[PDB]
Amino acid sequence: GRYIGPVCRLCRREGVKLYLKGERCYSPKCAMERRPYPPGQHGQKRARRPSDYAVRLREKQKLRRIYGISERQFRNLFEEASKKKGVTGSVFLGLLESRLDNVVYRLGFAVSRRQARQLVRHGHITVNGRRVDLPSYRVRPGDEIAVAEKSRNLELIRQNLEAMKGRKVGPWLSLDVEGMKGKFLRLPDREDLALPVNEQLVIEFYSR
Amino acid sequence: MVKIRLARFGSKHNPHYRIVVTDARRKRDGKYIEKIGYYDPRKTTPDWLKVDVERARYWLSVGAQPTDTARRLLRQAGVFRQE
Amino acid sequence: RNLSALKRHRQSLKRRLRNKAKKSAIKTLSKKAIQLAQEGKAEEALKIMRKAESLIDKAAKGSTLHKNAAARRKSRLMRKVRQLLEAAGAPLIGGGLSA
Amino acid sequence: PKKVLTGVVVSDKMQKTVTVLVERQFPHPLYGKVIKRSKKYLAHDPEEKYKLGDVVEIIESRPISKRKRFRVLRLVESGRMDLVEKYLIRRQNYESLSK
RNA sequence: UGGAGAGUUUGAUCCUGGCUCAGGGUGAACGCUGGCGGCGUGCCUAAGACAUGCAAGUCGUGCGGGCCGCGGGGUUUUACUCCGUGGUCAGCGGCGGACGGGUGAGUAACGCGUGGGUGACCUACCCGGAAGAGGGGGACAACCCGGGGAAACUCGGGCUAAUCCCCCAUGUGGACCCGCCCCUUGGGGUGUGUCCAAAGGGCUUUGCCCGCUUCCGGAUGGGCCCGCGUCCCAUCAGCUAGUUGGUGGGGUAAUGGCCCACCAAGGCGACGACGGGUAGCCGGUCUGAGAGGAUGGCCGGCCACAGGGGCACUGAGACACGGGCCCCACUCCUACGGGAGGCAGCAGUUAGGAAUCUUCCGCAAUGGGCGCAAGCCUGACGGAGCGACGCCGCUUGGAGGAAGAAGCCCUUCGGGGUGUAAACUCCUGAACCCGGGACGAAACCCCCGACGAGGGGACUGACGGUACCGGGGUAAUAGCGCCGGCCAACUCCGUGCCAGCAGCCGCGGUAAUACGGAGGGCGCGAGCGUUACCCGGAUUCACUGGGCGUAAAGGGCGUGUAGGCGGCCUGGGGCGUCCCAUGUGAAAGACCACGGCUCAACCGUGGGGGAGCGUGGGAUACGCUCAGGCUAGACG
RNA sequence: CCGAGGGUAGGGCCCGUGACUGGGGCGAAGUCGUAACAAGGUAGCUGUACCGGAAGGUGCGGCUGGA
Ligand SMILES: [Mg+2]
Ligand SMILES: [Mg+2]
Ligand SMILES: [Mg+2]
Ligand SMILES: [Mg+2]
Ligand SMILES: [Mg+2]
Ligand SMILES: [Mg+2]
Ligand SMILES: [Mg+2]
Ligand SMILES: [Mg+2]
Ligand SMILES: [Mg+2]
Ligand SMILES: [Mg+2]
Ligand SMILES: [Mg+2]
Ligand SMILES: [Mg+2]
Ligand SMILES: [Mg+2]
Ligand SMILES: [Mg+2]
Ligand SMILES: [Mg+2]
Ligand SMILES: [Mg+2]
Ligand SMILES: [Mg+2]
Ligand SMILES: [Mg+2]
Ligand SMILES: [Mg+2]
Ligand SMILES: [Mg+2]
Ligand SMILES: [Mg+2]
Ligand SMILES: [Mg+2]
Ligand SMILES: [Mg+2]
Ligand SMILES: [Mg+2]
Ligand SMILES: [Mg+2]
Ligand SMILES: [Mg+2]
Ligand SMILES: [Mg+2]
Ligand SMILES: [Mg+2]
Ligand SMILES: [Mg+2]
Ligand SMILES: [Mg+2]
Ligand SMILES: [Mg+2]
Ligand SMILES: [Mg+2]
Ligand SMILES: [Mg+2]
Ligand SMILES: [Mg+2]
Ligand SMILES: [Mg+2]
Ligand SMILES: [Mg+2]
Ligand SMILES: [Mg+2]
Ligand SMILES: [Mg+2]
Ligand SMILES: [Mg+2]
Ligand SMILES: [Mg+2]
Ligand SMILES: [Mg+2]
Ligand SMILES: [Mg+2]
Ligand SMILES: [Mg+2]
Ligand SMILES: [Mg+2]
Ligand SMILES: [Mg+2]
Ligand SMILES: [Mg+2]
Ligand SMILES: [Mg+2]
Ligand SMILES: [Mg+2]
Ligand SMILES: [Mg+2]
Ligand SMILES: [Mg+2]
Ligand SMILES: [Mg+2]
Ligand SMILES: [Mg+2]
Ligand SMILES: [Mg+2]
Ligand SMILES: [Mg+2]
Ligand SMILES: [Mg+2]
Ligand SMILES: [Mg+2]
Ligand SMILES: [Mg+2]
Ligand SMILES: [Mg+2]
Ligand SMILES: [Mg+2]
Ligand SMILES: [Mg+2]
Ligand SMILES: [Mg+2]
Ligand SMILES: [Mg+2]
Ligand SMILES: [Mg+2]
Ligand SMILES: [Mg+2]
Ligand SMILES: [Mg+2]
Ligand SMILES: [Mg+2]
Ligand SMILES: [Mg+2]
Ligand SMILES: [Mg+2]
Ligand SMILES: [Mg+2]
Ligand SMILES: [Mg+2]
Ligand SMILES: [Mg+2]
Ligand SMILES: [Mg+2]
Ligand SMILES: [Mg+2]
Ligand SMILES: [Mg+2]
Ligand SMILES: [Mg+2]
Ligand SMILES: [Mg+2]
Ligand SMILES: [Mg+2]
Ligand SMILES: [Mg+2]
Ligand SMILES: [Mg+2]
Ligand SMILES: [Mg+2]
Ligand SMILES: [Mg+2]
Ligand SMILES: [Mg+2]
Ligand SMILES: [Mg+2]
Ligand SMILES: [Mg+2]
Ligand SMILES: [Mg+2]
Ligand SMILES: [Mg+2]
Ligand SMILES: [Mg+2]
Ligand SMILES: [Mg+2]
Ligand SMILES: [Mg+2]
Ligand SMILES: [Mg+2]
Ligand SMILES: [Mg+2]
Ligand SMILES: [Zn+2]
C-alpha cells in the first residue's frame, strides 16, 4: 500500500527520472537532475556490476514503482495477464495503465499518480455516472472517467485541468475540460507508451 | 417425492437460488437431478429468473411438489398455464 | 431428558407381539401341512394348506410380510405339498393345489 | 448389455462349473506398452460339454455361486490344448518359487 | 500461450554424483509487529471424557379422556356439566425419528471411482389411469379403583372410543403351485383351482375436499452383482477345509456358502494369493512446462462409525447419532434392591496439544418434517461475534518545499549520507458526527375465478438502523526480514576461534561487508520472518527423460520354464489401433466469454473441453490370430 | 444351534527393555606400530585358508587397476 512517502529516492536508484512527485520532478529541483547517483552512504561510488537477477529486479521495480502498485497486486495483475490472451507484456502494460488512478493521472486530473490515488480514493472521480472510490478499479474500453459535482469546483481539479488546458492526452484516451471527463478509448501499448521499462525483463522476472 | 426447489448458492448476502429437482431427502446443495432454472432473488440483472418450462412441465408430469416458493418461480415463468 | 420416541418404542413392542402371532402361526401351520401331507394324508392335509395360505395372505396385508415374502412362503410351502402329494396322494378333493 | 468375454477354459473338474481364462490386453497407463494381464473366471454350464481345453464365450450372469458369477455362452474353438498348456505350465511354475 | 538456475568434492578443470538453496502451497503453528472492511475459513492430536441449555417433532380436520377458564338447566342450586367447545396436559393412532447434522476410528474391499447387469428386486410419501370402500365384532392404553418400588417406573382388576386390531362377503385386479403357448435364466397375456382387500374425517348435503384398499405404469431413492482403476513391503511364498463346486433346503424384497445337511476334492497364488504396515475413497486441491508426484481440509457424491462389541424388533427403508436389549469401560443417583447416561449435533467445559472460536440472534429467507390450512418444530441453515488463518480491497496522506536545517552515521576533514525526507505553506479529508435507510420477500393465506389456471388484497426482517446514500469532519498505525556468495542491498564501531551466525559453502585467531550495535540500503508491507509437511527445481527412479569399461551399476557362465519380442509376399476377421454420431463423463472447481456486489476476492449465467468407459457403424497400414506360400533367419 | 465377551493352553508377527558383549561412527595435535599411494622401501588388490597386538604376513591361484 503506497509503499509511502519518499519518492525522489526512487527517481534515483534506477537512474531514470520516473516522475513521481510531479511538478517538482518537472521543475529544476528534482534531486535526480541534481544528484543522479542512487541514495545511500555509498551511492556515488563505483557501480556494483548489476547481476542478471539485479537488472530484472531493477527494471521490474521501474515498472512497479511508477504505478505504485503493491507487489502482490502487481503479481496478481501479472498472473491475470499471462492467462489473458495477447502479447503478454503489451497487455500487461495496458492493464497497468487501465487502473483508475493511472487513468486519472493520464487524464491529468492530478500531477502525479499518488495525487490521482487521493483523488479516486477520496471519492472525487466518477466512472459512468456514479463515483468509484477504488484506485484499482479497472476501466473497460469505452467509458467516461469524469469528475463529480462535489469535486468539479475543487481548486485542485481546477488547477490541474488549468494545467491540462491544451495538454496532449493519449490516442487511446480522450479529454473534455468543459465537462472534466474523458473516454478511455482503448488499451495502450508500449509503442503508445513513454515507459522507461523494457517490459520483457519484467516478463522474465516471473519465471524465476 | 421428487421436489422442485430452490437450492441456494452464492455468498453471504449474495443469494442466488437455483430452481432444481432433487429428492425430498437430500440436503439443500445436494446432488440434484436437473437444474431447471435459476433465480436471483435480488433482480441484479434484468434476466434474473430463467426456467426451462418444458423440463419443468416434464418433472411436474412425473410427479413433483414444487415448494412454497418454487410454485411462485414457476408461475412467474409460465409453467402452470394451460393456454 | 426423555423424548417421545418412547411412544414409538412402546408401539414397536406392541407391533412385535402383534405380528409375531401372525408370523409363527405361519410356521406351525406350515409344519402341520407338511407333516400331514408327508404321512400320506389327504384333503385333511390340504385344509391345513389353505389355512396356512389364508394366514400368509392375511399377514401380508399389513406390515408383517412383503407381498414377495408372502409369495415365497407360499411358493415353498405349496410347491412342497404338491411334490409331497406326488407320493401316492391323488387329490381328488383338492383345495389350494390347482389341477 | 451384459459383459461378453472370450476365453479358454483351464479347469472343468467341479460339478456344473468350468474355469475359463480371459486374457485381456490393454496399454499400460504409464509406459503405454500392450500387456496381457490374464484373469480366471469361474463359469456355469450344467450340460457340461466343455472339456478342459475348449475356448468359450462368457456372459455376465446372475450369481450361480460365490465367485461363480458367469455363464458359458457358445463354443468358438475345439481343444486349444496348446493354449491350455501355457497356463498348465504357468501353474507348475509355482512349486519352484517356494522357500 | 510452455520448461531460468546456483553454491559445494580439487592447486585448477571436466565429468558423474549427492547435499543444500532461491518458487509455489497449507485446517497451519510460532516470533516480532498489527488500523479497517468484504469474502471464505478455524481441535489435523485424545474416535479421550463431558457440566449446562437447546439440536425431533407434529396432527383435534383420526379417537377417547383427565385439567382449568366464557354460557347453563335435564330435577324446584353448575353439579350422569351430557354440551356448544377453548385451550392446555398426557394417552391411543398415523406420519416423521432411516432425512438433515457430526466425524475418519475402522475398512486394501465391489468400500470407492467409473461403465454395465438386474428375466434376481424393493421403492413409504408423490404422479398417470383403473376398481372400490358392504356388513359385523374385539381388546388396549388413557381413565377409575388397588398394590409394589427410594426413584426409575412397574403390576393387578374394571372400563371405553377411533383412520387401533380381527372376521365374513363382493375381486377390476394381484399371489401361488401346473390349464400350456409365447418373451426365453424366475412376465403384463393367460385358465380351472386356491388365497387376498378396505377407513373414515371435515364440510354449504340429496356436493366436494382430506384420507383409505388393491393393482399396473412412472419418477426418485436404493439393495445386490460384474468388467476395469485402486498405496508400500517378497527380509510375508504359499494360502484357504464353508474354503471351492453340486444337489436339496432355510432366510432375504432378491442372486449368492448369505446359512445348514449330504456328496465331490476343489478355489486362489510371482499378472503378487496370504500375512504385515498404512489409509476413508472420489469430484477435486496443491504443484508441475507437461507427463507425473503429493494430498483428500472446506464444498459435493458414496461407504463406515455414533463410548468398544454383538444383536434383532418396528418400518417402505435401520440391524438405527439424540429408539431398544445385552456384555464391557467410565460417570452420576441410590434408601444399596437397582436405576440413569452416551456432544464424532450447535455452543461450551476439561484433558492431550505447538493450535483451532461464541454456552450469540433468528426461522426473515431456502430446505426438511407434521398439518387440509393457520401453525409448530428445525443449533439444517440465514446471519452475527471471535482469530491477519488465507484471499481480495483500502488507509496510514497529497501538492509545494534547501545546493540541502537540527539530530544521527561516515568522513580523505573538503564534505558526503539519511534527503523532499522533516518543520512549515496550502487542501483532500480514513476514522468519527448527524439525517435518511434497504435489495435481501412474495409467496403461504384472503377474495373474484370453479373448493383449478389468471386478476386484486393485506401481514411478515434475524442480519440491522447494517451496508449504502446525503451533510459535516481530524493529517490520521508501520513494521518485519535481509545486506559474504547463492540473493537485491555496505560502511563504521564493539567483539577477538570468544560471544555468537548458519539453509549449504563457511565467518569468527585484532583492520569481521558473514557475530553484537549504529548509520545506510534492499525486499515485502499490515504484514514480514521461522518451523514442519508437500510438489517443483530433482533429467536425483529418467514414459516424454538416465545409465552400466574405469565414475554407482553386467548376473561367473551355459541350458532353459513363464514371459517379452518376431523375416517376406497373400486373403478373411477386426482383437489392439484409429475414426464417426451419440450415452455417461453430476453439480462445485479448473478454462473461456459476458455480468452483480464502489473494483477485486467472491458470486451468477452461458459456452467449450473432459481423460476414460459402454454402445452402433466404419477404416485395415501396423500389432493380433487362423489359413496359404516363400527362403534372406534358425536347424539338418 | 449360532453368539459378543471372559477364561485356559499354545502359536505367529512387531515393539520396548535386559547384566554383558560384538562390532560401528565420532571426538581432543593420545599410545602402538607403517599396511597403502612413488619399483611405499616385500608390486598391489581380490578369492580362500591359517596365523598374528594391530594394520597385516604367508600359502595356493587369479588379475594388471604393476614392471
Ligand atoms: Mg510529501
Ligand atoms: Mg513458470
Ligand atoms: Mg447353491
Ligand atoms: Mg567449481
Ligand atoms: Mg576427491
Ligand atoms: Mg567447477
Ligand atoms: Mg549418471
Ligand atoms: Mg516454478
Ligand atoms: Mg502467529
Ligand atoms: Mg467441534
Ligand atoms: Mg475430544
Ligand atoms: Mg467422546
Ligand atoms: Mg430453544
Ligand atoms: Mg400424539
Ligand atoms: Mg380432516
Ligand atoms: Mg460443518
Ligand atoms: Mg478406516
Ligand atoms: Mg493385502
Ligand atoms: Mg490386508
Ligand atoms: Mg474392487
Ligand atoms: Mg455403479
Ligand atoms: Mg404410512
Ligand atoms: Mg390395573
Ligand atoms: Mg372382503
Ligand atoms: Mg369395515
Ligand atoms: Mg437404477
Ligand atoms: Mg424388508
Ligand atoms: Mg431365493
Ligand atoms: Mg463364503
Ligand atoms: Mg489389519
Ligand atoms: Mg488417493
Ligand atoms: Mg518436473
Ligand atoms: Mg488422486
Ligand atoms: Mg463432506
Ligand atoms: Mg461401531
Ligand atoms: Mg458402548
Ligand atoms: Mg454400536
Ligand atoms: Mg419388518
Ligand atoms: Mg435415531
Ligand atoms: Mg442421523
Ligand atoms: Mg438400536
Ligand atoms: Mg432403601
Ligand atoms: Mg447391596
Ligand atoms: Mg427399580
Ligand atoms: Mg449426543
Ligand atoms: Mg419452509
Ligand atoms: Mg447462522
Ligand atoms: Mg479476519
Ligand atoms: Mg504530511
Ligand atoms: Mg541534519
Ligand atoms: Mg470539507
Ligand atoms: Mg476544511
Ligand atoms: Mg416488505
Ligand atoms: Mg407455510
Ligand atoms: Mg392479488
Ligand atoms: Mg398469517
Ligand atoms: Mg459526511
Ligand atoms: Mg548483490
Ligand atoms: Mg569470551
Ligand atoms: Mg543473523
Ligand atoms: Mg583490537
Ligand atoms: Mg572490527
Ligand atoms: Mg552484521
Ligand atoms: Mg524433492
Ligand atoms: Mg520427477
Ligand atoms: Mg524411458
Ligand atoms: Mg568405481
Ligand atoms: Mg564398480
Ligand atoms: Mg559383475
Ligand atoms: Mg553375486
Ligand atoms: Mg561376464
Ligand atoms: Mg538361450
Ligand atoms: Mg515363448
Ligand atoms: Mg482392432
Ligand atoms: Mg457427448
Ligand atoms: Mg462439470
Ligand atoms: Mg460494477
Ligand atoms: Mg461468480
Ligand atoms: Mg457459471
Ligand atoms: Mg485411449
Ligand atoms: Mg583430547
Ligand atoms: Mg606427547
Ligand atoms: Mg603393503
Ligand atoms: Mg608403507
Ligand atoms: Mg610396502
Ligand atoms: Mg616380499
Ligand atoms: Mg603398485
Ligand atoms: Mg589367532
Ligand atoms: Mg592386511
Ligand atoms: Mg607367517
Ligand atoms: Mg592373499
Ligand atoms: Zn524526482
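Throughout, read-outs are computed from the coordinates displayed, never taken from laboratory work. Here the Cβ positions follow ideal geometry from the backbone for every residue, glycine too, while neighbour counts run over all protein chains shown.
Just one of A:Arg35, A:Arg64, A:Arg46, A:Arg24 is within 16 Å of ligand 58 (Cβ to nearest atom) and basic (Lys, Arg); which is it?
None of the others qualify; the one that does is A:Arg46.
Would you be able to tell me the number of residues in the range C:50-65 that are over 11 Å from the mean Cα position of the chain (by Cα) and of a type outside the set (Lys, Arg)?
3
Look through the range A:23-47, keep the residues that are closer than 27 Å to A:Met164 by Cα and aliphatic (A, V, I, L, M), and return whichever of them is surrounded by the most Cβ atoms within 10 Å (Cβ to Cβ).
The selected residue is A:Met32.
Of all the residues that make up the range C:69-91, how many are in a loop (DSSP other than H, G, I, E, B) and touching an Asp or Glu at 6+ places or on another chain (Cβ under 8 Å)?
Of the residues in the range C:69-91, 2 are in a loop (DSSP other than H, G, I, E, B) and touching an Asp or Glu at 6+ places or on another chain (Cβ under 8 Å).
Would you please list the contacts, defined by Cβ atoms under 9 Å and residues six or more apart or on different chains, that run from a residue in the range A:43-72 that is free of Cβ contacts under 8 Å to residues at least 60 places away in the same chain and farther than 16 Å from A:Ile4 by Cα to a residue that is surrounded by 11 or more Cβ atoms within 10 Å (Cβ to Cβ) and among the hydroxyl-bearing types (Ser, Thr, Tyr)?
Qualifying pairs under 9 Å: A:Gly43/A:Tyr37; A:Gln44/A:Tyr37; A:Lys45/A:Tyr37.
Mind listing whichever residues of the range C:51-74 are under 16 Å from C:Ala33 (Cβ atoms) and of a type in the set (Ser, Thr, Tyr)?
Within the range C:51-74, just C:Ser54 meets the criteria.
On the given criteria, is B:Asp47 exposed (fewer than 13 other Cβ atoms within 10 Å of the Cβ) and more than 14 Å from chain A (Cβ to nearest Cβ)?
Considered against the rule, which asks whether it is exposed (fewer than 13 other Cβ atoms within 10 Å of the Cβ) and more than 14 Å from chain A (Cβ to nearest Cβ), B:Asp47 comes out as yes.
How about the range D:1-35: which of its residues are assigned to a loop (DSSP other than H, G, I, E, B) and among the polar types (S, T, N, Q)?
D:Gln15, the sole residue that qualifies.
Has the range A:48-63 got at least one residue that is more than 14 Å from every other protein chain (Cβ to nearest Cβ), surrounded by fewer than 17 Cβ atoms within 10 Å (Cβ to Cβ) and of a type in the set (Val, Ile, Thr)?
Scanning the range A:48-63, I find at least one residue that is more than 14 Å from every other protein chain (Cβ to nearest Cβ), surrounded by fewer than 17 Cβ atoms within 10 Å (Cβ to Cβ) and of a type in the set (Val, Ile, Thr), so the answer is yes.
Give the residue that is farthest from C:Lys80 (Cα to Cα), with candidates limited to residues of the range C:1-35 that are over 15 Å from the mean Cα position of the chain (by Cα) and aliphatic (A, V, I, L, M).
The selected residue is C:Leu3.
Being basic (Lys, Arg) and not in a strand (DSSP E or B) is the filter; apply it to the range B:19-44 and report the residue that is surrounded by the most Cβ atoms within 10 Å (Cβ to Cβ).
B:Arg26
Kindly indicate the residue of the range A:78-103 that is without any contact (Cβ under 8 Å) to a residue 60 or more places away in the chain and buried (at least 20 other Cβ atoms within 10 Å of the Cβ) and also farthest from the chain's Cα centre (by Cα) among those meeting that condition.
Only one residue tops the list, namely A:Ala81.
Filter the range C:30-78 down to the residues that are closer than 11 Å to C:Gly96 by Cβ and of a type in the set (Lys, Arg), then identify the one that is farthest from the other protein chains (Cβ to nearest Cβ).
C:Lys47
I'm trying to understand the selection: among the residues of the range D:2-37, which are without any contact (Cβ under 8 Å) to a residue 60 or more places away in the chain, of a type outside the set (D, E, K, R) and within 17 Å of D:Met81 (Cβ to Cβ)?
Within the range D:2-37, D:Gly7, D:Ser11, D:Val18, D:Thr19, D:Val20 meet the criteria.
Which one is nearest to ligand 92 (Cβ to nearest atom), of the residues in the range A:196-208 that are surrounded by fewer than 17 Cβ atoms within 10 Å (Cβ to Cβ) and not in a helix (DSSP H, G or I)?
Going through the qualifying residues, I end up with A:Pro196.
Does the range A:143-164 include one or more residues that are within 27 Å of A:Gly89 (Cβ to Cβ), touching a strand residue (DSSP E or B) at 6+ places or on another chain (Cβ under 8 Å) and within 14 Å of RNA strand E (Cβ to nearest atom)?
Checked against the condition, which is being within 27 Å of A:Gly89 (Cβ to Cβ), touching a strand residue (DSSP E or B) at 6+ places or on another chain (Cβ under 8 Å) and within 14 Å of RNA strand E (Cβ to nearest atom), the range A:143-164 yields at least one hit.
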